[PDB]
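As provided, coords05.pdb (PDB, C-alpha atoms) reads as follows.
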ATOM      1  CA  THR A   1       1.661   1.480  17.648  1.00  0.00           C
ATOM      2  CA  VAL A   2       3.324   0.525  14.389  1.00  0.00           C
ATOM      3  CA  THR A   3       0.127   1.899  12.850  1.00  0.00           C
ATOM      4  CA  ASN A   4      -1.825   5.091  13.536  1.00  0.00           C
ATOM      5  CA  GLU A   5      -5.420   4.181  14.441  1.00  0.00           C
ATOM      6  CA  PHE A   6      -6.820   7.529  13.262  1.00  0.00           C
ATOM      7  CA  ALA A   7      -5.162   7.060   9.896  1.00  0.00           C
ATOM      8  CA  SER A   8      -6.424   3.497   9.695  1.00  0.00           C
ATOM      9  CA  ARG A   9      -9.915   4.764  10.346  1.00  0.00           C
ATOM     10  CA  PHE A  10      -9.415   7.081   7.414  1.00  0.00           C
ATOM     11  CA  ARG A  11      -8.397   4.068   5.333  1.00  0.00           C
ATOM     12  CA  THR A  12     -11.709   2.397   6.196  1.00  0.00           C
ATOM     13  CA  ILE A  13     -13.709   5.505   5.469  1.00  0.00           C
ATOM     14  CA  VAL A  14     -11.944   5.829   2.155  1.00  0.00           C
ATOM     15  CA  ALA A  15     -12.432   2.154   1.292  1.00  0.00           C
ATOM     16  CA  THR A  16     -16.123   2.707   1.806  1.00  0.00           C
ATOM     17  CA  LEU A  17     -16.332   5.849  -0.264  1.00  0.00           C
ATOM     18  CA  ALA A  18     -14.278   4.037  -2.883  1.00  0.00           C
ATOM     19  CA  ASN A  19     -16.713   1.180  -3.240  1.00  0.00           C
ATOM     20  CA  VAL A  20     -19.445   3.858  -3.279  1.00  0.00           C
ATOM     21  CA  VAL A  21     -17.955   5.966  -6.082  1.00  0.00           C
ATOM     22  CA  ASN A  22     -17.215   2.735  -7.890  1.00  0.00           C
ATOM     23  CA  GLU A  23     -20.806   1.512  -7.606  1.00  0.00           C
ATOM     24  CA  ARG A  24     -21.858   4.849  -9.033  1.00  0.00           C
ATOM     25  CA  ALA A  25     -19.415   4.693 -11.923  1.00  0.00           C
ATOM     26  CA  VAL A  26     -20.629   1.254 -12.924  1.00  0.00           C
ATOM     27  CA  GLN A  27     -24.174   2.597 -12.659  1.00  0.00           C
ATOM     28  CA  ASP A  28     -23.229   5.355 -15.114  1.00  0.00           C
ATOM     29  CA  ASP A  29     -20.997   3.272 -17.415  1.00  0.00           C
ATOM     30  CA  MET A  30     -17.977   5.491 -16.631  1.00  0.00           C
ATOM     31  CA  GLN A  31     -14.709   4.891 -18.482  1.00  0.00           C
ATOM     32  CA  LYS A  32     -12.116   2.708 -16.783  1.00  0.00           C
ATOM     33  CA  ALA A  33      -9.426   5.372 -16.911  1.00  0.00           C
ATOM     34  CA  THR A  34     -11.336   7.975 -14.936  1.00  0.00           C
ATOM     35  CA  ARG A  35     -12.315   5.385 -12.342  1.00  0.00           C
ATOM     36  CA  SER A  36      -8.709   4.317 -11.865  1.00  0.00           C
ATOM     37  CA  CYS A  37      -7.892   7.971 -11.487  1.00  0.00           C
ATOM     38  CA  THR A  38     -10.471   8.519  -8.746  1.00  0.00           C
ATOM     39  CA  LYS A  39      -9.049   5.478  -6.976  1.00  0.00           C
ATOM     40  CA  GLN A  40      -5.472   6.681  -7.290  1.00  0.00           C
ATOM     41  CA  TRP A  41      -6.650   9.966  -5.837  1.00  0.00           C
ATOM     42  CA  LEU A  42      -8.319   8.259  -2.885  1.00  0.00           C
ATOM     43  CA  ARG A  43      -5.205   6.169  -2.218  1.00  0.00           C
ATOM     44  CA  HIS A  44      -3.146   9.296  -2.349  1.00  0.00           C
ATOM     45  CA  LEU A  45      -5.447  10.803   0.245  1.00  0.00           C
ATOM     46  CA  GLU A  46      -4.861   7.763   2.404  1.00  0.00           C
ATOM     47  CA  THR A  47      -1.095   8.129   2.209  1.00  0.00           C
ATOM     48  CA  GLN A  48      -1.346  11.819   2.939  1.00  0.00           C
ATOM     49  CA  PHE A  49      -3.530  11.285   5.965  1.00  0.00           C
ATOM     50  CA  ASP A  50      -1.130   8.546   7.122  1.00  0.00           C
TER      51      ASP A  50
ATOM     52  CA  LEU B   1      18.698  -2.318   6.612  1.00  0.00           C
ATOM     53  CA  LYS B   2      19.180   0.955   4.730  1.00  0.00           C
ATOM     54  CA  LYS B   3      15.911   2.819   5.216  1.00  0.00           C
ATOM     55  CA  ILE B   4      13.177   2.431   2.609  1.00  0.00           C
ATOM     56  CA  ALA B   5      10.475   5.064   2.373  1.00  0.00           C
ATOM     57  CA  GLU B   6       7.519   3.439   0.630  1.00  0.00           C
ATOM     58  CA  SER B   7       3.824   4.186   1.082  1.00  0.00           C
ATOM     59  CA  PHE B   8       2.485   1.398  -1.131  1.00  0.00           C
ATOM     60  CA  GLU B   9      -0.229   3.369  -2.917  1.00  0.00           C
ATOM     61  CA  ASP B  10       0.053   2.001  -6.465  1.00  0.00           C
ATOM     62  CA  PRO B  11       0.572  -1.770  -7.224  1.00  0.00           C
ATOM     63  CA  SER B  12       3.915  -0.951  -8.828  1.00  0.00           C
ATOM     64  CA  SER B  13       5.086  -0.686  -5.209  1.00  0.00           C
ATOM     65  CA  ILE B  14       5.375  -4.474  -5.307  1.00  0.00           C
ATOM     66  CA  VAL B  15       8.856  -3.775  -6.709  1.00  0.00           C
ATOM     67  CA  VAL B  16      10.025  -3.179  -3.166  1.00  0.00           C
ATOM     68  CA  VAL B  17       8.582  -6.472  -1.943  1.00  0.00           C
ATOM     69  CA  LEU B  18      10.196  -8.330  -4.827  1.00  0.00           C
ATOM     70  CA  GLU B  19      13.499  -6.655  -3.979  1.00  0.00           C
ATOM     71  CA  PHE B  20      13.368  -8.180  -0.505  1.00  0.00           C
ATOM     72  CA  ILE B  21      12.419 -11.561  -1.887  1.00  0.00           C
ATOM     73  CA  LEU B  22      15.413 -11.521  -4.200  1.00  0.00           C
ATOM     74  CA  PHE B  23      17.552 -10.459  -1.280  1.00  0.00           C
ATOM     75  CA  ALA B  24      16.100 -13.402   0.663  1.00  0.00           C
ATOM     76  CA  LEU B  25      17.210 -15.675  -2.173  1.00  0.00           C
ATOM     77  CA  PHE B  26      20.591 -14.319  -3.181  1.00  0.00           C
ATOM     78  CA  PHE B  27      21.612 -13.481   0.367  1.00  0.00           C
ATOM     79  CA  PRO B  28      19.617 -15.568   2.838  1.00  0.00           C
ATOM     80  CA  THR B  29      22.150 -14.978   5.614  1.00  0.00           C
ATOM     81  CA  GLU B  30      22.333 -11.211   5.458  1.00  0.00           C
ATOM     82  CA  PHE B  31      18.608 -11.103   5.076  1.00  0.00           C
ATOM     83  CA  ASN B  32      18.361 -13.119   8.227  1.00  0.00           C
ATOM     84  CA  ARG B  33      20.441 -10.412   9.841  1.00  0.00           C
ATOM     85  CA  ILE B  34      18.083  -7.606   8.763  1.00  0.00           C
ATOM     86  CA  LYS B  35      14.718  -9.327   8.455  1.00  0.00           C
ATOM     87  CA  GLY B  36      13.067  -7.428  11.307  1.00  0.00           C
ATOM     88  CA  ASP B  37      13.906  -4.083   9.781  1.00  0.00           C
ATOM     89  CA  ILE B  38      12.497  -5.564   6.573  1.00  0.00           C
ATOM     90  CA  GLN B  39       9.353  -6.639   8.447  1.00  0.00           C
ATOM     91  CA  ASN B  40       8.720  -2.987   9.308  1.00  0.00           C
ATOM     92  CA  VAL B  41       8.386  -2.276   5.588  1.00  0.00           C
ATOM     93  CA  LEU B  42       6.327  -5.346   4.865  1.00  0.00           C
ATOM     94  CA  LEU B  43       3.938  -4.520   7.697  1.00  0.00           C
ATOM     95  CA  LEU B  44       3.127  -1.279   5.904  1.00  0.00           C
ATOM     96  CA  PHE B  45       2.670  -3.108   2.613  1.00  0.00           C
ATOM     97  CA  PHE B  46       0.320  -5.572   4.317  1.00  0.00           C
ATOM     98  CA  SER B  47      -1.679  -3.052   6.309  1.00  0.00           C
ATOM     99  CA  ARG B  48      -2.211  -1.191   3.079  1.00  0.00           C
ATOM    100  CA  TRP B  49      -3.044  -4.141   0.800  1.00  0.00           C
ATOM    101  CA  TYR B  50      -4.498  -6.652   3.277  1.00  0.00           C
TER     102      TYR B  50
END
For this file, produce the structure as structure tokens.
Amino acid sequence: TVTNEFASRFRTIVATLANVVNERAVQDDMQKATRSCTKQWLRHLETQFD
Amino acid sequence: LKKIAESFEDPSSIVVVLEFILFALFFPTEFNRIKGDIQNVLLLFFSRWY
């Protein structure tokens, strides 16, 4: 494969957790900066796992 | 194509894509000669973003 299926599964897991943490942050009126930072951290995890 | 290591975490990564597009415009011929090796990069950009 061009793409690692295990890694891609981690991308889906992380997309889910991302929309989850996001839904929380909007529930708690969290500042945009910190949210973007959690997302950058999740993406970084995706690249690392890849 | 000279190898390009890009993960495409952050949106800024679009720079790489734009690079290829410019190379497709300025040098359509040479790009035609390396477009598969380019498609290996774009496939990563697409699997990540879409």
One decimal, in Å: what's the spacing between atom CA of residue B:49 and atom CA of residue A:14?
13.4 Å
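Nearest to chain B of all the residues A:11, A:24, A:31, A:6 is A:11, based on all atoms listed in the file.
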Per residue of chain A within 7 Å of chain B, which atom pair is closest and at what distance in Å (one decimal), using only C-alpha atoms, listed by chain and increasing number, as a tab-separated table?
residue	atom	partner	partner_atom	distance
A:43	CA	B:9	CA	5.8
A:44	CA	B:9	CA	6.6
A:47	CA	B:7	CA	6.4
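Here atom CA of residue A:7 is placed at a distance of 6.0 Å from atom CA of residue A:49.
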What is the atom CA of residue B:5 to atom CA of residue A:5 distance in Å?
20.0 Å
